[PDB]
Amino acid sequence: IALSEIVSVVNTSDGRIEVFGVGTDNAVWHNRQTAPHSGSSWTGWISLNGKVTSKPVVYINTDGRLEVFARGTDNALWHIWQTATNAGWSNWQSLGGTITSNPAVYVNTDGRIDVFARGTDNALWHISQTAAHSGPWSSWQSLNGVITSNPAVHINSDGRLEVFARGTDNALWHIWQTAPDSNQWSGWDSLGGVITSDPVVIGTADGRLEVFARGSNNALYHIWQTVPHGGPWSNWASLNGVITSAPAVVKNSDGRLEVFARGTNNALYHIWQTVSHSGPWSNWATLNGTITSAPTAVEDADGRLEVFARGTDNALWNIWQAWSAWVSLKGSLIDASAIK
């Protein structure tokens, strides 16, 4: 597995970006833009405490309250939630299980959060809120499979969750809800290829899933649904470069996908669709810096891409599609990824 993300990032309900990372104390810390604009100053680092052995995953409930999921020191799944939107936080609470990956989080069409994780059998497990943005939580259930990467989850344009994972053959496998909100899932299906990173999945402007991954010659590769919310999938295509991290993918305000990755010089590179969505790809460009994690991208309230990465000082650095100069948000972050 290629070097992974160190921070989770989300757009709050009031348009401020909020980053979550693991500290040197193995607590979860969070930083928040003071105002909803590109190159806004930040609140400074605030601790949620806890003791975590994975990447924390933040997700926004459908009522605007942030929720963070992480593997505890017992290797169970823990979580913690805002008690009101953008306000105070609950105590940490255990969802049990034993997980050997980073969680992957998405919300069902009925506002119920689903969490996915590799188990000790290397099978993919899930647990869900049994009501909209609310406990109590279901029991753990297995979707079987044998996965050698962290899972990645997105929703189909028809409301069916779809999970992607590397298998024991190192091809990309994937599995889908049979209906929206359903505990009934499809068989595992191979999309072939050779993947040397966690897959990252995004929905295109035209409702098609597109998956990106590092492949065998350290080039970036992608594969996409050829029609909305179904097969057949395209063949693998190459975007070249030589990368040394997982890719981070995001949509510009006009629908054009942009991909960010660490290069061989440990600088941040990017490549974007030109003209429009489902248009041709540019050549790679450098944004410089020196990074010790995969980048993480998100779109701010202004429609500008913002990218976050750990530096050599183990602080979090930001750059925005102004691109701007690199700036430090300070702090001291660790790579607690369950699968390295």
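Residues carry their position along the shown sequence, with the first being 1.
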| query | finding |
| --- | --- |
| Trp323 preceded by how many uncoordinated deposited residues after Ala322 | 1 to 3 |
| Mean C-alpha B-factor comparison - 130 to 138 and 110 to 118, higher one | 130 to 138 |
| Mean Cα B-factor comparison, 256 to 264 or 180 to 188, giving the higher one as deposited | 180 to 188 |
| Selection by C-alpha B-factor (highest) of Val105, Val250, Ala213, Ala87 | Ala87 |
| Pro36, C-alpha B-factor rank within chain (lowest, middle or highest third) | middle |
| Chain-wide C-alpha B factor ranking for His30, given as lowest, middle or highest third | lowest |
| Third assignment of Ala171 from its chain's C-alpha B-factors | middle |
| Third of chain Cα B-factors occupied by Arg65 | lowest |
| Among modelled residues of the same chain, the CA temperature factor third for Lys55 | middle |
